[PDB]
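Participant: Provided below: protein20.pdb, containing PDB, C-alpha atoms (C1' of nucleotides).
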```pdb
ATOM      1  CA  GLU A   1      19.299 -20.197  34.439
ATOM      2  CA  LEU A   2      16.982 -17.231  34.951
ATOM      3  CA  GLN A   3      13.889 -17.287  32.702
ATOM      4  CA  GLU A   4      11.237 -15.724  35.015
ATOM      5  CA  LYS A   5       9.082 -12.811  33.701
ATOM      6  CA  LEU A   6       6.452 -10.183  34.538
ATOM      7  CA  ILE A   7       3.493 -10.098  32.075
ATOM      8  CA  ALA A   8       1.371  -7.207  33.364
ATOM      9  CA  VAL A   9       0.904  -4.774  36.228
ATOM     10  CA  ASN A  10      -2.594  -3.379  36.946
ATOM     11  CA  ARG A  11      -3.384  -0.454  39.280
ATOM     12  CA  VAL A  12      -6.518  -0.798  41.467
ATOM     13  CA  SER A  13      -8.141   2.601  42.185
ATOM     14  CA  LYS A  14     -11.844   1.947  43.135
ATOM     15  CA  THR A  15     -13.562   2.974  46.356
ATOM     16  CA  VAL A  16     -15.034   0.477  48.889
ATOM     17  CA  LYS A  17     -16.452   0.499  52.438
ATOM     18  CA  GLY A  18     -12.824   0.170  53.766
ATOM     19  CA  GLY A  19     -11.928   3.433  51.817
ATOM     20  CA  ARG A  20     -10.188   4.064  48.468
ATOM     21  CA  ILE A  21      -7.929   1.319  47.102
ATOM     22  CA  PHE A  22      -4.275   2.044  46.230
ATOM     23  CA  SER A  23      -3.035  -1.453  45.264
ATOM     24  CA  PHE A  24      -1.416  -3.296  42.379
ATOM     25  CA  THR A  25      -2.124  -6.734  40.863
ATOM     26  CA  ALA A  26       0.703  -8.662  39.135
ATOM     27  CA  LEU A  27       0.954 -11.677  36.799
ATOM     28  CA  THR A  28       4.255 -13.693  36.518
ATOM     29  CA  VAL A  29       5.764 -16.925  35.066
ATOM     30  CA  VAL A  30       8.758 -19.155  36.164
ATOM     31  CA  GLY A  31       8.969 -22.916  35.248
ATOM     32  CA  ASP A  32      11.686 -25.517  36.165
ATOM     33  CA  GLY A  33      14.262 -25.004  33.337
ATOM     34  CA  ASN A  34      13.984 -28.753  32.433
ATOM     35  CA  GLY A  35      10.374 -29.365  31.100
ATOM     36  CA  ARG A  36       7.748 -27.710  33.386
ATOM     37  CA  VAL A  37       6.000 -24.297  33.170
ATOM     38  CA  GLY A  38       3.656 -22.310  35.393
ATOM     39  CA  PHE A  39       2.186 -18.937  36.339
ATOM     40  CA  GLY A  40       1.117 -16.971  39.396
ATOM     41  CA  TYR A  41      -1.143 -14.020  40.220
ATOM     42  CA  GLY A  42      -1.449 -11.717  43.220
ATOM     43  CA  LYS A  43      -2.526  -8.314  44.568
ATOM     44  CA  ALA A  44      -0.606  -6.238  47.129
ATOM     45  CA  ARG A  45      -0.116  -2.595  48.232
ATOM     46  CA  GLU A  46       3.395  -2.327  46.672
ATOM     47  CA  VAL A  47       4.487  -3.660  43.285
ATOM     48  CA  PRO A  48       7.570  -5.652  44.606
ATOM     49  CA  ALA A  49       5.228  -7.358  47.133
ATOM     50  CA  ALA A  50       2.553  -8.077  44.468
ATOM     51  CA  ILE A  51       5.305  -9.505  42.254
ATOM     52  CA  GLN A  52       6.465 -11.679  45.209
ATOM     53  CA  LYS A  53       2.828 -12.799  46.023
ATOM     54  CA  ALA A  54       2.520 -13.900  42.420
ATOM     55  CA  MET A  55       6.123 -15.291  42.077
ATOM     56  CA  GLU A  56       5.887 -17.491  45.195
ATOM     57  CA  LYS A  57       2.903 -19.369  43.633
ATOM     58  CA  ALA A  58       4.411 -19.111  40.140
ATOM     59  CA  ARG A  59       7.385 -21.084  41.664
ATOM     60  CA  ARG A  60       4.838 -23.793  42.869
ATOM     61  CA  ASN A  61       2.457 -23.979  39.881
ATOM     62  CA  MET A  62       3.705 -26.556  37.388
ATOM     63  CA  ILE A  63       2.615 -28.505  34.339
ATOM     64  CA  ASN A  64       4.920 -30.691  32.247
ATOM     65  CA  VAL A  65       5.180 -29.874  28.516
ATOM     66  CA  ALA A  66       6.622 -31.887  25.653
ATOM     67  CA  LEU A  67       9.369 -29.504  24.313
ATOM     68  CA  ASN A  68      11.279 -31.286  21.543
ATOM     69  CA  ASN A  69      14.649 -29.518  20.936
ATOM     70  CA  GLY A  70      13.311 -26.285  22.553
ATOM     71  CA  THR A  71      11.089 -25.662  19.469
ATOM     72  CA  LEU A  72       7.484 -25.848  18.163
ATOM     73  CA  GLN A  73       7.004 -28.226  15.227
ATOM     74  CA  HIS A  74       3.141 -28.700  14.915
ATOM     75  CA  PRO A  75       0.132 -26.241  14.776
ATOM     76  CA  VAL A  76      -1.622 -26.019  18.165
ATOM     77  CA  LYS A  77      -4.782 -24.377  19.647
ATOM     78  CA  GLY A  78      -5.518 -23.465  23.273
ATOM     79  CA  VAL A  79      -8.796 -22.436  24.996
ATOM     80  CA  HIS A  80     -10.165 -20.864  28.120
ATOM     81  CA  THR A  81     -13.921 -19.892  27.945
ATOM     82  CA  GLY A  82     -13.876 -16.505  26.045
ATOM     83  CA  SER A  83     -10.091 -16.547  25.207
ATOM     84  CA  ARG A  84      -8.459 -18.609  22.453
ATOM     85  CA  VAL A  85      -4.813 -19.011  21.358
ATOM     86  CA  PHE A  86      -3.330 -20.338  18.141
ATOM     87  CA  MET A  87       0.399 -21.129  17.675
ATOM     88  CA  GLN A  88       2.314 -22.315  14.626
ATOM     89  CA  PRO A  89       6.006 -22.982  13.732
ATOM     90  CA  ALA A  90       7.949 -20.028  12.259
ATOM     91  CA  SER A  91      10.626 -20.081   9.515
ATOM     92  CA  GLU A  92      14.459 -19.745   9.820
ATOM     93  CA  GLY A  93      15.374 -16.620  11.841
ATOM     94  CA  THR A  94      11.670 -15.765  12.679
ATOM     95  CA  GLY A  95       9.660 -16.007  15.903
ATOM     96  CA  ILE A  96       7.498 -14.122  18.434
ATOM     97  CA  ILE A  97       5.441 -11.757  17.647
ATOM     98  CA  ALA A  98       2.090 -11.583  19.532
ATOM     99  CA  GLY A  99       0.789 -10.383  22.891
ATOM    100  CA  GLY A 100       3.098  -9.954  25.910
ATOM    101  CA  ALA A 101       1.534 -12.988  27.736
ATOM    102  CA  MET A 102       2.417 -15.524  25.039
ATOM    103  CA  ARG A 103       5.867 -13.807  24.726
ATOM    104  CA  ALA A 104       6.539 -14.611  28.400
ATOM    105  CA  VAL A 105       5.066 -18.182  28.570
ATOM    106  CA  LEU A 106       7.330 -19.241  25.698
ATOM    107  CA  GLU A 107      10.537 -17.904  27.399
ATOM    108  CA  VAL A 108       9.885 -20.133  30.469
ATOM    109  CA  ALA A 109       9.580 -22.979  27.954
ATOM    110  CA  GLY A 110      12.904 -21.940  26.219
ATOM    111  CA  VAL A 111      11.040 -21.344  22.901
ATOM    112  CA  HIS A 112      11.206 -18.521  20.274
ATOM    113  CA  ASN A 113      10.238 -20.096  16.923
ATOM    114  CA  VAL A 114       6.427 -19.435  17.233
ATOM    115  CA  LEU A 115       3.901 -17.536  15.097
ATOM    116  CA  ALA A 116       1.244 -16.711  17.703
ATOM    117  CA  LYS A 117      -2.290 -15.159  17.481
ATOM    118  CA  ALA A 118      -5.081 -14.564  20.009
ATOM    119  CA  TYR A 119      -8.873 -14.747  19.343
ATOM    120  CA  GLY A 120     -11.903 -13.689  21.373
ATOM    121  CA  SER A 121     -11.329 -12.034  24.713
ATOM    122  CA  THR A 122      -7.766 -10.614  25.079
ATOM    123  CA  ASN A 123      -8.160 -10.674  28.869
ATOM    124  CA  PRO A 124      -4.639 -11.306  30.369
ATOM    125  CA  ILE A 125      -5.606 -13.644  33.254
ATOM    126  CA  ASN A 126      -7.553 -15.897  30.849
ATOM    127  CA  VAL A 127      -5.183 -15.736  27.835
ATOM    128  CA  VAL A 128      -2.264 -16.894  30.074
ATOM    129  CA  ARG A 129      -4.176 -20.077  31.191
ATOM    130  CA  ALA A 130      -5.453 -20.544  27.629
ATOM    131  CA  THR A 131      -1.769 -20.476  26.484
ATOM    132  CA  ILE A 132      -0.946 -23.108  29.174
ATOM    133  CA  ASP A 133      -4.002 -25.114  27.918
ATOM    134  CA  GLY A 134      -2.399 -24.851  24.467
ATOM    135  CA  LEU A 135       0.846 -26.319  25.987
ATOM    136  CA  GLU A 136      -1.147 -29.292  27.415
ATOM    137  CA  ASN A 137      -2.069 -29.654  23.718
ATOM    138  CA  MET A 138       1.666 -29.667  22.643
ATOM    139  CA  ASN A 139       3.061 -32.969  21.277
ATOM    140  CA  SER A 140       6.597 -34.439  20.645
ATOM    141  CA  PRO A 141       8.178 -36.773  18.040
ATOM    142  CA  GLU A 142      10.002 -38.515  20.965
ATOM    143  CA  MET A 143       6.647 -39.491  22.565
ATOM    144  CA  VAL A 144       5.124 -40.600  19.254
ATOM    145  CA  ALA A 145       8.205 -42.880  18.895
ATOM    146  CA  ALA A 146       7.003 -44.618  22.120
ATOM    147  CA  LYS A 147       3.372 -44.894  20.715
ATOM    148  CA  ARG A 148       4.122 -46.302  17.248
ATOM    149  CA  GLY A 149       3.744 -50.095  16.763
ATOM    150  CA  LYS A 150       2.143 -52.881  18.925
TER     151      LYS A 150
ATOM    152  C1'   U B   1       7.549 -17.731  -1.173
ATOM    153  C1'   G B   2       3.064 -17.383   5.118
ATOM    154  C1'   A B   3      -0.055 -15.439  10.051
ATOM    155  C1'   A B   4      -1.247  -9.056  15.878
ATOM    156  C1'   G B   5      -1.604  -5.765  18.442
ATOM    157  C1'   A B   6      -3.864  -1.704  21.155
ATOM    158  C1'   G B   7      -8.139   2.298  22.972
ATOM    159  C1'   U B   8     -13.263   1.263  24.726
ATOM    160  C1'   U B   9     -19.570  -0.915  28.652
ATOM    161  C1'   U B  10     -18.446  -0.513  35.628
ATOM    162  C1'   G B  11     -18.641   0.911  41.878
ATOM    163  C1'   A B  12     -15.773  -3.979  40.269
ATOM    164  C1'   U B  13     -14.933  -8.349  37.375
ATOM    165  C1'   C B  14     -15.896 -11.959  33.769
ATOM    166  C1'   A B  15     -18.676 -13.166  29.482
ATOM    167  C1'   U B  16     -21.740 -11.744  25.223
ATOM    168  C1'   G B  17     -21.698  -7.424  21.839
ATOM    169  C1'   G B  18     -20.991  -3.280  18.617
ATOM    170  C1'   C B  19     -17.614   1.006  18.057
ATOM    171  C1'   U B  20     -12.137   2.839  17.312
ATOM    172  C1'   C B  21      -6.359   3.500  16.004
ATOM    173  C1'   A B  22      -1.178   2.971  14.075
ATOM    174  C1'   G B  23      -1.128   1.263   7.650
ATOM    175  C1'   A B  24      -2.024   1.947   2.281
ATOM    176  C1'   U B  25      -3.520   2.968  -2.773
ATOM    177  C1'   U B  26      -5.353   7.775  -6.014
ATOM    178  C1'   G B  27      -5.741  11.073 -13.263
ATOM    179  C1'   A B  28      -7.164  13.016  -6.627
ATOM    180  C1'   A B  29      -8.506  18.409  -4.658
ATOM    181  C1'   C B  30      -7.396  22.385  -0.924
ATOM    182  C1'   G B  31      -3.845  25.278   2.229
ATOM    183  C1'   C B  32       0.808  26.329   4.479
ATOM    184  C1'   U B  33       5.528  25.736   2.222
ATOM    185  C1'   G B  34       8.872  24.153  -2.151
ATOM    186  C1'   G B  35      16.281  23.155  -4.022
ATOM    187  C1'   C B  36      18.216  19.530  -8.755
ATOM    188  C1'   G B  37      17.324  15.564 -12.103
ATOM    189  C1'   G B  38      15.435  11.346 -14.558
ATOM    190  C1'   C B  39      11.039   8.043 -15.235
ATOM    191  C1'   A B  40       5.778   7.764 -15.223
ATOM    192  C1'   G B  41       0.760  10.333 -15.141
ATOM    193  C1'   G B  42      -1.936  14.898 -16.573
ATOM    194  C1'   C B  43     -10.339  17.364 -19.032
ATOM    195  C1'   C B  44     -12.745  11.092 -15.572
ATOM    196  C1'   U B  45     -16.858  16.493 -15.378
ATOM    197  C1'   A B  46     -21.129  18.795 -20.131
ATOM    198  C1'   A B  47     -22.211  12.070 -25.184
ATOM    199  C1'   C B  48     -22.579  20.144 -24.023
ATOM    200  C1'   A B  49     -20.175  23.334 -27.960
ATOM    201  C1'   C B  50     -16.630  26.094 -31.318
ATOM    202  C1'   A B  51     -13.850  30.900 -34.098
ATOM    203  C1'   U B  52      -8.312  29.799 -35.642
ATOM    204  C1'   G B  53      -4.394  26.447 -37.121
ATOM    205  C1'   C B  54      -2.308  21.653 -37.370
ATOM    206  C1'   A B  55      -3.082  16.690 -37.714
ATOM    207  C1'   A B  56      -2.017  12.386 -44.250
ATOM    208  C1'   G B  57       0.215  11.842 -47.508
ATOM    209  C1'   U B  58       2.868  10.066 -51.971
ATOM    210  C1'   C B  59       5.203   7.380 -56.386
ATOM    211  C1'   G B  60       7.616  10.264 -63.086
ATOM    212  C1'   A B  61      11.256   2.647 -62.229
ATOM    213  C1'   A B  62       2.609   2.985 -64.603
ATOM    214  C1'   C B  63       2.249   8.883 -67.619
ATOM    215  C1'   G B  64      -0.754  12.607 -71.195
ATOM    216  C1'   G B  65       2.328  16.989 -69.248
ATOM    217  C1'   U B  66       5.739  21.232 -67.592
ATOM    218  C1'   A B  67       3.820  25.107 -62.454
ATOM    219  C1'   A B  68       9.610  25.497 -60.870
ATOM    220  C1'   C B  69      15.238  24.418 -59.885
ATOM    221  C1'   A B  70      19.836  22.615 -62.102
ATOM    222  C1'   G B  71      22.500  21.497 -67.155
ATOM    223  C1'   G B  72      22.190  22.265 -72.693
ATOM    224  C1'   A B  73      19.855  25.072 -76.355
ATOM    225  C1'   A B  74      16.875  29.023 -78.266
ATOM    226  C1'   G B  75      15.324  33.935 -77.473
ATOM    227  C1'   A B  76      12.512  38.656 -75.983
ATOM    228  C1'   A B  77      17.440  40.629 -74.932
ATOM    229  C1'   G B  78      21.194  41.516 -71.336
TER     230        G B  78
END
```
For the structure just supplied, provide its representation as structure tokens.
Facilitator:
Amino acid sequence: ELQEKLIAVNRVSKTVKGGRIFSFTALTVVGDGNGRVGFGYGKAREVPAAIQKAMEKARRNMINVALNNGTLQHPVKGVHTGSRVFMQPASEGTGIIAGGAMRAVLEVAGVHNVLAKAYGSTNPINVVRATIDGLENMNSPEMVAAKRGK
RNA sequence: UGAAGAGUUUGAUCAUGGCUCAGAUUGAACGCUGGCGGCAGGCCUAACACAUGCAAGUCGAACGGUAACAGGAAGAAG
């Protein structure tokens, strides 16, 4: 299945000793379609090449996440320095909501049922890794079943 | 009876930090402009001040009476 997404495109326009920049920086997400998620970043002269520079590392970057029935069931926080994320379970027929970064990271996890909010710096390249830090913080009833007793 | 986001410090970027916008209520008020109806609201101001009128009356099954209308009678007459 295809799940891969583009979060943001940013145009670079400053002047340097090599001349004036005409480049684009991209941020993307992919995952494995079975339990892993990841992201990638990259700058290039053309947007399809920036997207590929990002996608090729977004196809390598992985972390495993406990994703019981493709849904969130507990309240969870995530952090990266100035950027914070908070995610909670939604009701029947409700879900995302929130900034375009969280909206993409949850699709590569197969999830929709989340009430999401961001706090502090809304910076995209931090709030993405703060969302992934919040998925390191995600737990499952199937893993707690292997912890209980003894 | 349930959960955000976006504009914005620069030659850049990331923190830290304040500013801003889509929204809404009202005895509102102003201007352009205004087809029907129902329901609601309509002197917050000068606790400053009024000509005029209305707004709180009524019972004769408590009653001395009779200003009137019916009915009888009397009578001035007609």
Participant: Can you check which residues of chain A have any atom within 9 Å of chain B? Use only C-alpha atoms (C1' of nucleotides) and format it as JSON, numbers by chain.
Facilitator: {"A": [14, 15, 16, 81, 82, 88, 97, 98, 99, 115, 116, 117, 118, 121]}
Participant: I'd like to know which of A:96, A:145, A:55, A:85 is closest to residue 122 in chain A, using all atoms listed in the file.
Facilitator: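 Among A:96, A:145, A:55, A:85, it is A:85 that comes nearest to residue 122 in chain A.
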Participant: So how many Å separate CA of residue 18 in chain A and CA of residue 43 in chain A, to one decimal?
Facilitator: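 Taking CA of residue 18 in chain A as the start and CA of residue 43 in chain A as the end point, the length is 16.2 Å.
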Participant: Find, counting all atoms listed in the file, the residue in A:53, A:147, A:38, A:92 that gets nearest to residue 135 in chain A.
Facilitator: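 Among A:53, A:147, A:38, A:92, it is A:38 that comes nearest to residue 135 in chain A.
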Participant: Would you work out the distance separating CA of residue 74 in chain A from CA of residue 138 in chain A, expressed in Å to one decimal?
Facilitator: 7.9 Å
Participant: Restricting the calculation to only C-alpha atoms: of A:29, A:72, A:47, A:65, which residue gets closest to residue 112 in chain A?
Facilitator: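 Ranking A:29, A:72, A:47, A:65 by distance to residue 112 in chain A, first place goes to A:72.
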Participant: Hey, can you check how far CA of residue 62 in chain A sits from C1' of residue 13 in chain B?
Facilitator: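 Computing it gives 26.1 Å between the two atoms.
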Participant: Which residues are near residue 33 in chain A? Cut-off 9 Å, only C-alpha atoms (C1' of nucleotides), ignore same chain within fewer than 5 positions. Put them as a count of residues only.
Facilitator: 6
Participant: At a cut-off of 12 Å, using all atoms listed in the file, what residues contact residue 46 in chain A? Leave out same-chain residues fewer than 2 positions from it and give the result as a PyMOL selection string.
Facilitator: chain A and resi 9-12+21-26+42-44+48-53
Participant: Run the PyMOL selection byres ((chain B and resi 28) around 12) on the file and write out the hits as a PyMOL selection string.
Facilitator: chain B and resi 25-27+29-30+41-42+44
